[PDB]
Each structure stands twice: as C-alpha cells, then as structure tokens.
Amino acid sequence: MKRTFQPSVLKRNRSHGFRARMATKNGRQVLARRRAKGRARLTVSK
Amino acid sequence: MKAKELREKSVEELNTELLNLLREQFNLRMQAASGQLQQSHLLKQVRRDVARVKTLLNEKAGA
Amino acid sequence: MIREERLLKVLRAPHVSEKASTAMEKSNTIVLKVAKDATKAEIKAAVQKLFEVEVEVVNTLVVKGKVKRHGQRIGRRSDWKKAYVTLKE
Amino acid sequence: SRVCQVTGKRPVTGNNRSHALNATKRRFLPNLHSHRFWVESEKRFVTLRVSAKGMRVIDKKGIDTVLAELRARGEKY
Amino acid sequence: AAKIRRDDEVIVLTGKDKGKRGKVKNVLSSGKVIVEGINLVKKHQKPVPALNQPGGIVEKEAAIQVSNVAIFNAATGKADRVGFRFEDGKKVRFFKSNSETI
RNA sequence: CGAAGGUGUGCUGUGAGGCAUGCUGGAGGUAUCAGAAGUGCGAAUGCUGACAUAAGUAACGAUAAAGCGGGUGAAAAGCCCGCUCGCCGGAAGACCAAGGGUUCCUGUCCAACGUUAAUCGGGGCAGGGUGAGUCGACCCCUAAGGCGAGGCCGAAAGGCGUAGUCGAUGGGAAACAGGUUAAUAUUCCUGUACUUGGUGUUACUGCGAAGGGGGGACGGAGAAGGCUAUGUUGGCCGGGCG
RNA sequence: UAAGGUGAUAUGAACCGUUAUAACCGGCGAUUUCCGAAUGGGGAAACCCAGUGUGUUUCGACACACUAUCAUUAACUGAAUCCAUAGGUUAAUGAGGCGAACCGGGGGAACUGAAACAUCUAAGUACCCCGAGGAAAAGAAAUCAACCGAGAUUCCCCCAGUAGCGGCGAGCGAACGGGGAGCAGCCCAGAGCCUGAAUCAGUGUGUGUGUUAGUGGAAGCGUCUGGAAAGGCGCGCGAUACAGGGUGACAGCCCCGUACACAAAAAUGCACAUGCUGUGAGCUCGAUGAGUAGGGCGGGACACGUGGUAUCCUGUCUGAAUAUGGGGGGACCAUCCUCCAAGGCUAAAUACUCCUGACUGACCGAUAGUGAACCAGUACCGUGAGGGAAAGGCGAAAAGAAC
C-alpha cells in the first residue's frame, strides 16, 4: 500500500508556504485568522 | 566609567578609547573561554563601557 | 575605519578537543569557534592581525545545535560556526 | 467595467418577475458604446465609452465642457 | 520609606522567640528580615563532594516577617513604632510616643 | 478546651428529614424569619475520570537455526569475545537522491521505553563529531507552467495577457590515486594536476551589440565491428609438504 | 525615591553599593540584526543576487547612502507627422499594510414558517467586497398640517399590534399627534463699496486643571489556652482613617495601605487670554442649480405583495415652464393652504470596546469560570483550511530528612 502522504518540501512550500498565502487575498485572510487565534506555527515553512 | 569624564574628551580620544576597550574585551573573552578569569564580572562592565562610548559617539558627533 | 572592530568581533573562543589537539600536532592547525557571519577572508585577517601568526588557509563548517530536553522543555542549542585555521610551516 | 464615463452609469440589479411572480436576480446593463468625438479644442478625436443618454448629454452640452468635468472628476479620456 | 533597616536593633513581638531581641543581619524583599541568634532552625546539611564538606546538622537563622519585629526604643526598653519626619531636607526616622530621632 | 467535610453509633419525625455524640480533620460555619434559584438523578447505545470482568486467558509480529567455552556483572538463552552450525548473496551486500534530523561516536545509567531478562540499545544523560576553487546547491540559460509594468475586460474582489521576470526533472568551466579519525573525506595530508576571471608590464593589432549567421540541438528499432570494465588460466614470487 | 541589589524557574559564582551618576520607577532622547506593506531584482518568509554615487584603501577589498509601484504637480525632451500630442527621464508631495466591535455603500442566500408548497416569510438576515471616523450617517423643508398652526437632523417613551398591507393565509406593520434628551446655523452659483470687519484652521507666549514617577499619614498593653494570638478575659486610645490585603488561628491601634493634606525637572491633553499666516465679515444690486421635473416600459424602496396606488430611487426611450412659474397635500379634477428640487458644509443628544485604570457583584470556584488559574491556542491530530486537550493545593517557615 502506497499512502496518501508522500512528502516533498518543495511541493509543501509551494502549496502551503508563506509566500503562497501572501500571493492571494484568501491566503492573507488565512494568515489573519492564524494571528487572531494566536498560533505558533503561522505556516509550514521552517 | 565616569560618563562625564568621557563627555570632557574629544572625538579622537574617544575613538582610541573605543578601540582599546574592544581590544580588552576580546582579550577578556578569549581568556574566559580559555579557563581563567575567576573574576568574571569585568566582562559585563567592559561591555557596558563600550556601549557608553558608542552613545557619546552618536551624541557628541551630532544630533 | 570600522574594519578592526569587525575583526575583534568575529573571533569568539578557541576549541579544545581531541581532534583539535591532533590537528595542531599533525597539521599545525588551530580550531576556533567564530561568529556566525564569518567569511573566511575576514577570519584570516582577524587571526593574522590579532594573533601575530601568518595563515595559509581556512576551512569553515557549521555546527548545528542538539535538541535537548530539560525537565520536559524541548530546547534547541545554539547554532555556531567552527573554523580550522591552518598556519604556515 | 461597464461604467459610462460621462454619466457614471453602472449595471444595477433587480428581479425577473414571472407570470406567477417568481423573482430571479437579474442585472440591468447600461446602453454602452465606444464612440469617438471630435474635440476641436485640442483638435483631435477622443474615444469615450458613453451611454446613449451620455451621447444625448454631449449633444445638449458641448463636448468641451463635458471633457472639463471629466477632467474635474479625474477620469481618463 | 523603610522602617526596619539593616543594622538596627529590634525586639520580636510574635513567635517562639517572643520578647527576645537582637540586631538585624539582612533584609529580604519577601517582607522578611533575618535577626541573628533569634530564630534557630536545625538544617540537615547534605554533603555534596565537589567542594570541601563540613556536613552534619547545622543550626542557622531563619527569616522572620518584618511585621513581627519592631524597633527597640533603648530608653524605656519596650517596642516602638517609627515614622518619618523631615528633620532637615533629608527625610529621617523617629520614634513615636516621644519625638526622638533614631 | 476544635468548624466545614468524612466516618460510626444512638435517639426522633407520617415522609423528605432532624438532633446528639465517638474517631478523623485542622478553619471555618450559621439560628430565626424573609428573599433568589445553575435547587434534589439510576436509567437518555448520556458526558468525563477512576476501577472491574473476560483472565493471568489469547498473544509475544515471517518455520533463515542455533550450540558450547570464556568475560562482564548483584544477576547472562538474548551483551562482548572466540570456535563451530545455519541464512541472503540482481540481496537480507555496497553507494546516493527524496524524506527524516543527531538516530552517527565515546563514556556513563537501567526508573520508563524495548511485546521477556538485560550488564545491551535507534532508550536517559554528559561530551565529541560534518573541513571543498574542482562533488552538490547557489550561479548563467531555458521547458511545461506561474507572476506580470503598461494594456484589455470585469458590480467590487478580480480575470486574461505584452515587454519582462521566475521556474529543472534538461543545457553550461575545472581532481585524481594513496594514507589518516572512535566518529569526516574526490573536503584533511602526501604526490601529481586542471579550470575561470581580475590585475600588471611585454609582443603585434581595429575593436566594439540588445542585432545577423553557425553551434548547442536531440525519435524509435535493429545490426555489426573495435575496445574496455571484468573474469579464468598459465608464468613469476612468498609460504607448505600435510 | 533609594540601603539594598545583578528579571523568573534557580541555587551558585564574581561583583556593585550605603548620602548619593548601586539598583528601581517616570518624561525625553540614542541604538534598534533579519523577515514581514517589504519598497533595488528575485524567492521555497526570516534567503540568494545586484546596480549607481561618495570616501577609506596596506591594493586582496571595505563603509555609508540611494535605486519599488501608483496618483498628482512641475521641469526637460519627444514619434508616426510641419505643428502638437502620445511616450520616455527626473524631482517633490502623498498613498499602500494591520486592527475587536460600532457606521455608510455595492452585492446577497438557504434552512425555516406557512403544519405540503411556488407568491410570501426567514431577510436585506448570514456572508463577501469597498470606505471613513472617534463616532459615522443624516440634516436646515419644493416637510407636515389643517383652514388652526408647527418649524433642520438624530435618539428614547407613547400613539399602537392601531390604520393599513397580506395565497387577506403564515405573517408584516406605520404615520399624524404627544412627552422628553440635545439644540446651530450657513455658504457658492457675482458684482460694486472693501481689505486684519462676526468668526473658524494652524504656529509660538502665558495661566488654570489634568495625565505620565511619587511623599506624609492617627492611636494597645497585661493575662489564659495554644506550635503560633490577631482568639477568651480585663484595662485604654485613635477615627474626615472600622475600604481592603498580609501578619504562625478572627487585628481599627504589627505592617502595606485608607481618609486626608501635598508634589513635577521634562513631555503631552483640555480650556482660555495673547501674537502671526490664510480666509472672508457688513450694506446695495441682481441671479436663484435642464437632458432636470414629469411621462412610457422594467425593477426596487416606502408598513403598502399592482392593486383604484399617492411619494421616492432608478436600467431604457423621451422630455417642460423656468416665479405673471413650479412641487406637494395618498387615483384624479377644481378651489384653498403650504413649500421652492435638479449645488454643498455642519456640533450635540446616539452606537461600539481590541485596549488602560479604578470600583462593584443574592457571579464561578478547578468536570465550574475564558478552550486556557499550571510555559494553552500548548502538546497532539490533519496535506491544508482547521480542530484542540489534560494538568491547581507540603508546611507558619524547607526547617525538603545529617547519620
């Protein structure tokens, strides 16, 4: 069985990284909601 | 040190004092990493001295 | 200028180990912990002007911190830079 | 977007009403056309996206003052 | 702005050492002073062999609350409350019940 | 000279209840009459924590397989060493990419972890370890694609796209053999090299781009030849004659 | 202000102090790495790569500063194409991003109710987007009224679940008028007499009262139980202070406070008087907002669902008179009454609480109260959006158990 999560940091950073949220308006709304909740990891960047 | 004593000094004397303080800082931190300096506290005071000189090196140099 | 101030600030500590001692014997190479910025040219300039010794070549590596546990806190140690400074024969 | 430059007309909204009074959201669009007007002040042609009522305005009040209030409101021509 | 100071002599108003007097060694920011030879606790001093080790059961002085001590009057011999007056431009302490400066 | 709470006992009321007092506990409680309810639980395949039962039961994760001696230790079927036996060997060996992130190495510890014990460990703890002009990234160039000044379009948000600018999984300069650490090596060391730029005199001299031309620069299948990697044999060399 | 300190877990080490530049607290300053609107280009956030100019070169390189885009303005150029624009360069100013609710506008559901359901409801709600402010919106009658009159807007209580609207069902629901809170009016469409005219927007000068550190601040002893007195008993005192909190058990007189009386070098907030800069004031004469009012068709809002439907806004096609005139008074006509659209600005009464301080509670007390009293938006779960715990208590004092 091959599972659904086949990791890759390039596709991870291109799909859910900080600049991929900061490109669009809805990603900036995502970041505003993460800061309003107060989360430690804003995105998955490292 | 006496901050007023550094207020009575000039640009060149304060620059030579800054470079001498940084040299003494380097000697002390290499000695502290080497094993000596039972008296550690001088480290802190030397750091503060350099900061004070840089304050006047902005302040006497002009507003 | 502000050259020699940077030279005073780049060096941090000498390293003491088994590999450092074997280096200084078998290769006349000193091992020392530098700042994180620390280009090799300014490392060579600093050790030449402050330590009165001519320098052949400088290798640099980066030592990553170990993720230690204290009590229950996970804490990473600080990330520092090591330099093998080779002296002239 | 479908904005008349002279009159400021926008597409407005409303309902399709049926014969059984079903209401569906529709839009009313302005009668927009691009027309080029001969302005003899700067003595060339200026294209404007205007409504037909905007053309009637330019026929009533001359093009030279309508371009002046267009310059006043800060539009492009 | 501090009534019981370091080298003052005090009496104790409350405790196993009530009425007994002594001079204050040190003042701690927890609202507690140490008065030597007045509040003796018997600590079991554990030896930790990376030094020289006395060991044993050593009696030392514990912290007593500053509300429990009061400045000795040293004339009549009873406890006295102290306040602050401006005998001259430096603020100074003084005993109540007789206007005498400490 | 002992409150709430807890835990017994004795009384008492038609009942929900109440009063007394023993032990625990160690600082709160509250008459009477009024007032206000998050006011009374056994059930909702209720929710949360604790604890049972099955039950010391099934199981202990490839049917590649172990046996003995010595050591260490409080203790050895499992650790270390040694000798035999077995298993893989187009892998169950050796190098990497991705992905992990210190799991690597040494000393020390055996509570928890390890489906058993553990003196062992990928476990805890302290220290150590990653060395590059040539390897890779970064860098120069581009594909699919993305973003995209102006622009065009769209109630607003925004959509599409030009010039550009990113984008490798592709194209582009250069290093090998031997040795060395407990842990790194085409990185350190020895020997022998190579590449690209700047700078400075020297020899001649028309050079110069964002433009032109070439080159880079390319499919599948098949077949043959020449080689080499590599292996076998013989010679040679060192030991043996059981 | 200060005789004690070097933040906490958190000991230790080396020090710094005590009459004043130890430490602490406050006003103003300085420095402020990198990412982020991220602003020199790019990028997989916290990284890579530059260009230009100046000064420092021991010649291997350094150190600063500038270089985004858009809008507006201004200056140089500048095509097709004489002219000229388009375009290009440069400078100056301004904007951009974030933030809890309140506010205004552009779009805009469905579940649901109607005991089904399509008109209707839910509902202009949820939500999305744009924009601004400490409030915002409106706002000075082409308004109501009734032959009497009131005089801008907003908010609260009545009118009134009333007139009405409505598959006349489910439901929706005014106004006039009355009582209050708060009250404030103006200006351009244009000239002449005139220029510090009644005032407003900004700088300094001064005063008051604030805010940002602080200071002083009353009066209790013996005795019994008890580990410990603040408790019991007795005998006193203060109180413009018996709010509160600690103190070895319950303290007005032990402490910090409290009532009270005071305090600011420097920075601001609000009132003033004052002095510059812009700006008009006040009399006379005129003018008085045209693709507009209205109409036809299609929608929407008014409580009002096209109905006999007044009024308002509009996508579309038309289209006046212009104060001897025009709007409205709920189809419409005539007479009366009342106002003057097609241009603007405006305080207060009103809404809200991310945050700051103080005070309060017939609010909770650790399965409660915030998800979170404890290193909680944490561990952990998920590719992501996102979801999301459990966990308080020795003692008075560690005196935390030497041997």
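About the thresholds
- Here the residues of each chain are numbered from 1 in the order the sequence is written, which can differ from the numbering of the entry; residues without coordinates are not included.
- For this description, chains carry letters from A and ligands carry numbers from 1, given in the order in which they are written.
- Note: displayed chains form a subset of a larger assembly, with all reported quantities computed for the displayed subset only.
- Hydrogens and water molecules were not included; the side-chain quantities draw on all heavy atoms of the structure.
- Here a residue counts as near a molecule or strand whenever at least one of its heavy atoms sits within 4 Å of it.
- Two N or O atoms form a polar contact when they lie within 3.5 Å of each other; inside protein one atom must be a possible hydrogen donor and the other a possible acceptor, and for residues adjacent in sequence the pair counts only when both atoms belong to side chains.
- The helix count covers DSSP runs of H or I at least four residues long, the strand count covers runs of E at least two residues long, and both are numbered beginning at the N terminus.
- Any two strands with at least two DSSP bridges between them are considered paired.
- Note on method: axes are straight lines fitted to C-alpha atoms, helices fitted across the in-contact stretch only, with angles between N-to-C directions ranging 0 to 180 degrees.
- What makes two residues a contact is simply this: any of their non-hydrogen atoms within 4.5 Å.
- Buried area counts how much accessible surface, traced with a 1.4 Å probe, disappears from two parts once they are put together, with both parts' losses summed.
- The working definition used for a salt bridge is a side-chain nitrogen of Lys or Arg within 4 Å of a carboxyl oxygen of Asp or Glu.
- Charged means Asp, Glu, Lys or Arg here, nonpolar means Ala, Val, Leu, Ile, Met, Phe, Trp, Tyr, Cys or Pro, and polar covers whatever is left, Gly included.
- Ring pairs are drawn from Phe, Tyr and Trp, using the six-membered ring of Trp, whenever the two centres fall within 6.5 Å, and their geometry is named by plane angle: stacked under 30 degrees, edge-to-face over 60, tilted for the rest.
- Think of it in three bands: with a 1.4 Å probe and only protein chains considered, a residue is buried below 20% of the maximum accessible area for its type, exposed above 50%, and partly exposed in between.
- Distance and angle both matter: a charge sits over a ring if NZ of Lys or CZ of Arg is within 6 Å of the ring centre and within 35 degrees of the ring normal.

(A) Spatial organisation of the protein's contact with RNA strand G. Residues in contact with RNA strand G amount to 83 residues; listed here are only the nearest, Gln39 and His41 of chain B together with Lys3, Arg5 and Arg81 of chain E. Between a phosphate oxygen of RNA strand G and a side-chain N or O atom of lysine 25 of chain A, the distance comes to 3.3 Å. A distance of 2.5 Å is found between a sugar or linking oxygen of RNA strand G and a side-chain nitrogen or oxygen belonging to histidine 41 of chain B. At 7 residues, helix α3 (residues 25–37) of chain A tops the list of elements feeding residues into the surface near RNA strand G.

(B) Seen up close, the sheet that holds strand β6 (residues 80–87) of chain C. All names here are of chain C. Read across the sheet, 4 strands follow the order β1-β2-β6-β3 without closing on themselves; strand pairing throughout is antiparallel. The open sheet terminates on both sides in strands that have one partner only, identified here as β1 (11–14) and β3 (55–63). Averaged over all adjacent pairs, the angle separating strand axes in this sheet is 30°, with direction ignored. Relative to strand β2 (residues 29–34), β1 runs antiparallel, the two sharing 3 bridges. Bridge pairing links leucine 11 to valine 34 in β2. Across the sheet, helix α3 (residues 40–51) touches β1, β2, β3 and β6, and the angle it forms with β3 is around 120°.

(C) Representation of the interface of chain B and chain C in the model. Taken together, the contact pairs 9 residues of chain B with 10 residues of chain C. Each partner contributes to the roughly 910 Å² buried at the junction of chain B and chain C, and carbon and sulfur atoms together form 71% of this total. When the area that chain B buries against chain C is broken down by residue, the three leading residues are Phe26, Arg29 and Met30 of chain B, summing to 55%. At the junction of chain B and chain C, the tally comes to 0 salt bridges. Where chain B packs against chain C, one counts 2 residue pairs in polar contact. Broken down by element, the residue count for the side of chain B that touches chain C peaks at 8 residues, all from helix α2 (residues 11–34) of chain B. Across the side of chain B that touches chain C, the residue classes tally to 5 nonpolar, 1 polar and 3 charged.

(D) Main features of the packing of aromatic side chains. Evaluated as defined, the whole model comprises 2 aromatic pairs over all chains. Seen from their ring centres, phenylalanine 26 of chain B and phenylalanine 51 of chain C are 6.0 Å apart, and the 45° between their planes marks the pair as tilted. Here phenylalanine 26 of chain B, found in helix α2, pairs with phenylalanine 51 of chain C, found in helix α3, and the two come from separate chains. Of the residues examined, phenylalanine 26 of chain B reaches a relative accessible area of 4% and is grouped as buried. By relative accessible area, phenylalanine 51 of chain C is classed as partly exposed at 32%. Geometrically, the ring pair formed by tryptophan 38 of chain D and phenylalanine 45 of chain D is edge-to-face, given 4.9 Å between the ring centres and 65° between the ring planes. By relative accessible area, which is 46% here, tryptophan 38 of chain D ends up partly exposed. On the accessibility criterion, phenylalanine 45 of chain D (43% relative accessible area) is partly exposed. In this arrangement the basic side chain of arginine 26 of chain D is found over the ring face of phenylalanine 28 of chain D, its NZ or CZ atom lying 4.0 Å from the centre. Between the NZ or CZ atom of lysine 91 of chain E and the centre of the ring of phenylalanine 84 of chain E, over which it lies, the distance is 5.3 Å.

(E) Layout of the side chain of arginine 85 of chain E. Residues and elements named next belong to chain E. Inspection of the secondary structure puts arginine 85 in strand β9 (residues 82–85). Among the polar contacts listed, one links the side chain of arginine 85 to the side chain of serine 99, at a separation of 2.3 Å. Excluding anything up to four places from it in sequence, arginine 85 contacts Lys91, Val92, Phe94, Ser99, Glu100 and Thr101.

The values reported here are purely geometric and, on their own, carry no functional implication.
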